[PDB]
Amino acid sequence: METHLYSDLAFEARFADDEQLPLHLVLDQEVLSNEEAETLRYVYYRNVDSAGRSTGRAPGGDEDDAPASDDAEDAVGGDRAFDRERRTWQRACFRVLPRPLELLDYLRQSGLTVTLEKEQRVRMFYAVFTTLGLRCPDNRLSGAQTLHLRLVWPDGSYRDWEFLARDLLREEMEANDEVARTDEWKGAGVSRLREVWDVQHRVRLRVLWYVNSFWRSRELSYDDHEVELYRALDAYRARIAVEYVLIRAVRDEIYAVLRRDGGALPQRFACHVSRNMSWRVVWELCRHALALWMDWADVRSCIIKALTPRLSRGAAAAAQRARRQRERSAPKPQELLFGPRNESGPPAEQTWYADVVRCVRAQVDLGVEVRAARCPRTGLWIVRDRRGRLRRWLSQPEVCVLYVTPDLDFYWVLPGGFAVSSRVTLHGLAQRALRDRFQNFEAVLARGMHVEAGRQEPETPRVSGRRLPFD
Amino acid sequence: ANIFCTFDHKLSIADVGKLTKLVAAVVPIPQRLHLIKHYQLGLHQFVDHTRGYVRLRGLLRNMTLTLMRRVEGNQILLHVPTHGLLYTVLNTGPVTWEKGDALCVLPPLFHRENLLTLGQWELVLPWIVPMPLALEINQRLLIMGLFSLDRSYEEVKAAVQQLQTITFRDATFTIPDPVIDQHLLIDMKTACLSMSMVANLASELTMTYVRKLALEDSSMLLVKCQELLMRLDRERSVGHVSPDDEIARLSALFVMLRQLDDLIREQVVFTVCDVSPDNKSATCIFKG
Amino acid sequence: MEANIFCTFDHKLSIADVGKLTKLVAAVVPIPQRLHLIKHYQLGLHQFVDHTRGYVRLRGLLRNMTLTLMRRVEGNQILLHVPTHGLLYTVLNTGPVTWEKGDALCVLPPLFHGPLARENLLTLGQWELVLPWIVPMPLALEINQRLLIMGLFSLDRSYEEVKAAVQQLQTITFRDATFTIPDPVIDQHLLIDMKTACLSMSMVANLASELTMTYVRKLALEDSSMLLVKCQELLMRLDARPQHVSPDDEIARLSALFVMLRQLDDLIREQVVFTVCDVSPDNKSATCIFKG
Amino acid sequence: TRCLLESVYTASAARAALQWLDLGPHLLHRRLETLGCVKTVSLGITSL
Amino acid sequence: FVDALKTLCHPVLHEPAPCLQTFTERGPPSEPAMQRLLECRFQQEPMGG
Amino acid sequence: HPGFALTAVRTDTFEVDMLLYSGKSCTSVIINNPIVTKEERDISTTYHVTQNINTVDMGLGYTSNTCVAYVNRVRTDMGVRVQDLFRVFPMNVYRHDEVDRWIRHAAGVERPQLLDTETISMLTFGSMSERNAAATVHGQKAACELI
Amino acid sequence: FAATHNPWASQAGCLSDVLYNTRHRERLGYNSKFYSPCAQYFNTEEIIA
Amino acid sequence: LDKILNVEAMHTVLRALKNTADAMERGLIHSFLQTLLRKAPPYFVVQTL
Amino acid sequence: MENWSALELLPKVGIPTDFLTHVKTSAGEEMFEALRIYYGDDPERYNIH
């Protein structure tokens, strides 16, 4: 309850500078699980307009509108593009109520008065109360605007939903001694409770409306044109298409390399092979596997998980250091004798991600981590299980694999270790599209974490529904 | 625990007779020695014409406080009391003590019958005053210091004349004005600017830190603090910053309030529970 | 009271143990519980030392402990003595901090000093005699202030923004020595301290007079000096006859403002435990008045 | 262990020994003759 | 001077690579008076117009 | 040439050996038998012994006289470095900030960088602001005062 | 009490510092056997020690 | 051993007494010499007179 | 680490001691390999164990 009140006052004190109106939300088991509710660290929200443009960026356009680079030296913009993305998200206050409750009884047991149009109870295993701001860029609010909600957890993992302002305001705008603001806020109470879905109808959350909000006083205008909603839908379409266009880029690359080579696949992975085998049925199984990979590829494909560490801020500088290191001049005798010893080069083992596609019972594994190293005798690759065990799927006739190396080289491997090899091309995606869709979250400091970086943080914060809360 | 004081100057019948009237009074000395010279006796060594009351109040804090307990000859014997034991002390300040008062030491403001002068040097002893009178004298001096830039107006002249006058049980006296020749002494000036600077820095920084801490736990106290800030800004409405500069503002706030610790705090030195009828002397329990 | 405390050792002490434990006579060692008989594990700070939890946690445990002065060691017994208020004792500074005469001394957990050796003492098994630092008040409230400012500044900042500022804040220079504050985590206790700071600052901003607010602007119109230049510069990037003249309003507001300022000061000021008046010219011991 | 040994042997003589080893084409054994085992040392800039 | 040539015309005096290396190792001064010395930007531009 | 001249004033210190002459019985020395006081402590006891000495000057005229016999070093450098007035008067500024900063940069004098407790104590009360040089081969800085 | 009388000899990494300081001489390929008069003044690390 | 420590304590008391007496004697010499210097005008003044 | 307490308890040979400079000067400027300086009376010599 107090988070809504404080956030209302906070958005009022900031309204002239920001023009963000305070939207009060409640989340339950329809949007997040109990562990995610108890261990939630941050909530972040983003405003994008009827043209797909975030309100943290330049109002007319950005240098991120140019296509990506494919260079590790550039890393799709480097630190500046990362900073332009981080500036686009804004942080929201939130409180978790981790034990089962019924919402209206909770509000009445607090100071509030509730006078809903129909007294329908809603019951919820846990509740997260948070306030997001949707930006009326003037005293005018459009229905084609969408708002993004981000929930983040201590390991840095995040979950994004997005819903457009028309869903939120479908009803609310379509109808449009001395006292303390706290007492009249409680006395005036709540009279609305509306259920809103995100655009893709994945998650439901409830919006809570108060009659004491400064929202009521402003008498600003709202509108939804058809063409604006059409353009907003097109921008949304471009948003969600970003991983699938990369998947199709890899698919077209595989077919293009296969046409270029003439179907001759050289061995790149170690596996003892026999001549006296029906290699043609292996080619047929390769066809079925390459169809099935397109059937089941997803956002959690190896290609997205390979590009994601490239978008991190350190990536460009580290790539330039590596470029300098590999092309360093051979040391003179003086340096070897008197000077410092040379930097150790890249470790013999690399970390990769793979998509393992088995045909016999159609199944595709996507976010698979493997360790790769070249065996000394022949420079082929040995792919090992991240517990150090040799991966056996090279020996199974009914499985093909697509690996993507950390430098965005991809292999597509058949039984026997004969592979198609090429590079993932990012040029079909604007730098902003990739960069905003897949940039990793970087944490701001909070309760229970070291001021110094790199420290082993102590017991992570939690709000417990199973235990009597400590103070 | 006796400290010997010797006079580098020719004593006389009237000097020793004047000094023997003080045979229980509180005399502060700069640091603990076994044999000191009379120059270190009293507050005279610290007096100058540029710093004044606040500087003395700071200096008097970390002197060692002592009771006079004999004059054997050309030498004076001083006894340094220990915490908790009961001692006989002379009242020579501007007021009278009742049973159970908490007594404070202030630099003196009035000064004839006491004054032992020899060779441009004279024995100057602090005021032993009950705690409420010390607090009120202090606040009155500070407010007179803040009125120091607008003495051009007749109402402020009257207000300073009202601040100068203090009445306390069966006594009445005027606190001297910290403004001499239209100008405020250096230490009172820096005390006043420290108070004003801490006020301004608080008013500038509080909103940002309220937001930052409310992002962690939005307790009701933070709600009321934010409401109070918004009200303050409405009152001001009648008419981004770098990390280095934020750290500079925070550090400046804290170093400015370190300047005030002498003024804001007030040590109790003696607790009085036995009084002579004369009100000339009382026996007190020592706090140190 | 329990004027004397017997500390019994379970490990048999070698010749070297008894020697080095004898040299430590008059050192200030804390006990958690104030009991007549204790075991050697309870002696010192080693029971609590834990570098994953922060410096503020160990500070909170230490400020609540009972402090004693070491006396003659005998066979497996160490004989700790509790000082009493107002009396005069000889105290030992195992810390690297310098003491000048007249200093007021506080107790704090040890800091990181350059050489990194730090002289581990009495490593019996895997217990160790971790003594606190007896620090004079200026350095004590300097470390408390810097620690609070790190907590207050670095909230909601990322590590990239934080890094250089907190590197600069961790190092303290005091009397030509250089120390570093070990583990400044954002604790629950530190957040309580920050909340008290915010409330006290709100009350300062609200209840300050107009005189207390506007003195600096008027002095800047009147006067010019380096001090005033610095004060103005602190206000710069955010940067008349009184309409009310009320000595009673001024007195009310000022007597309240001093209260809020004392609240804000207690976040920085520690409890004085010793006051020195005699320092050995080798700075290895002092004569002190015990305070509490 | 190799990092430990390299941290110990940080003089011109030892690094020169390693360079003289790796520089030629011969194998190690066509390049090394085994003397006995050692038991006495007197220390000096030229040691015995 | 012609006697000095055994020293003067040796390469080590004419290559500045160690001098520039140690000049970069130290970094620029942080002193406020030296800071005005670091303030200077050179930009290559096309010569057409 | 600016148009005015300087008279510089410098003080140099010398380490010296004195010669004192005195006449027989030129002064009387009355001394008492020493008294002792005891100062108790937990692990030590301190005894303070003091003796009164009072002297009478027995001659009429001066009965004793001192010579400055031998000098055996000069403590100061006898140099030509002038006294930094900005260190003597640390509070004065120019009323215009631009010219103040420009003047201080031209003369080569450091402005305080932050408003610490020690900066305020220096500005208001004074301190040993002029830090020791790293090396000193000529002993002490005999500053030259200009009129 | 001047900063220097030879800027090319008294600074870190100036010409004569890289020439005559033994730590810079061995990053160059110097022959150690030849005695150098400048070495005592320019081996600043020996001086510090 | 108790006898040895008793002798050691008597002897440190004796050394302290002798050292303090000798300190007072040297102090009397020092005080007298300082007294004379306050009353001892230079050569040029006394030869003038 | 030397056993200074035995040195204090054991009998000694009384010698005319000659340092060119002040004792505190030759101690403070590190003329001696091993030192122990203490002020007042140090009880360490009394606890025989």
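One can find the structure itself at the top, above this paragraph.
Residues numbered from 1 in each chain as written, not as in the entry; some residues may be left out. Chains lettered and ligands numbered in written order. Part of a larger assembly, values for the part shown. Heavy atoms only, no water.

Draft legend 1. Region of interest: the packing of aromatic side chains. Tallied over the full model, the rule gives 24 aromatic pairs over all chains. The interplanar angle of 70° and the centroid separation of 5.4 Å between the aromatic rings of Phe274(C) and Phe290(C) together place this pair among those described as edge-to-face. Of the two residues, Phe274(C) sits in strand β12 (residues 274–279) while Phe290(C) sits in strand β13 (residues 285–290), which places them 16 residues apart along the sequence. An aromatic cluster is built from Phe269(A), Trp352(A), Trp381(A), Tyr403(A) and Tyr411(A), whose rings are joined through pairwise contacts. Above the plane of the ring of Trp89(A) lies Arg150(A), whose end atom (NZ or CZ) is 4.0 Å from the centre. Residue placement shows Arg81(F) over the ring face of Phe1(G); its charged tip is 3.9 Å from the ring centre. (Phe/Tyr/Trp six-rings, centres within 6.5 Å; stacked < 30°, edge-to-face > 60°. Helix = DSSP H or I, 4+ residues; strand = E, 2+ residues; numbered from the N terminus. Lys NZ or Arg CZ within 6 Å of the ring centre and 35° of its normal.)

Draft legend 2. View of the interface of chain B and chain C. With 72 residues of chain B at the contact, the number on the chain C side is 64 residues. A combined buried area of about 6,600 Å² lies between chain B and chain C, and 71% of that area is made up of carbon and sulfur atoms. Inspection of the chain B/chain C interface yields nine salt bridges. A salt bridge links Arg258(B) to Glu142(C), with the shortest nitrogen-to-oxygen separation between them at 3.4 Å. Taken together, chain B and chain C are joined by 20 residue pairs in polar contact. Those elements giving two or more residues to the side of chain B that touches chain C turn out to be α3 (131–146), α4 (154–164), α5 (186–214), α6 (220–236), α7 (243–258) and α8 (261–264) of chain B. Counted by class, the side of chain B that touches chain C contains 42 nonpolar, 15 polar and 15 charged residues. (Contact = heavy atoms within 4.5 Å. Buried area = accessible area lost by both parts, 1.4 Å probe. Salt bridge = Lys/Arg side-chain N within 4 Å of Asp/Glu carboxyl O. Polar contact = N/O pair within 3.5 Å; in protein donor to acceptor, adjacent residues only side chain to side chain. Nonpolar A, V, L, I, M, F, W, Y, C, P; charged D, E, K, R; others polar.)

Draft legend 3. Local environment of the interface of chain C and chain A. Tallying the contact residues gives 21 residues for chain C and 20 residues for chain A. It is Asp156(C), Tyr159(C) and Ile186(C) in chain C that bury the most area against chain A; as a group they hold 35% of the surface buried on that side. At the surface where chain C touches chain A, the tally comes to three salt bridges. The closest approach of N and O atoms between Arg455(A) and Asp183(C), which form a salt bridge, is 2.5 Å. Between chain C and chain A we count 13 residue pairs in polar contact in total. Listed by contribution, the elements that provide at least two residues to the side of chain C that touches chain A are α4 (159–170) and α5 (188–207) of chain C. Taken together, the residues of the side of chain C that touches chain A break down into nine nonpolar, six polar and six charged.

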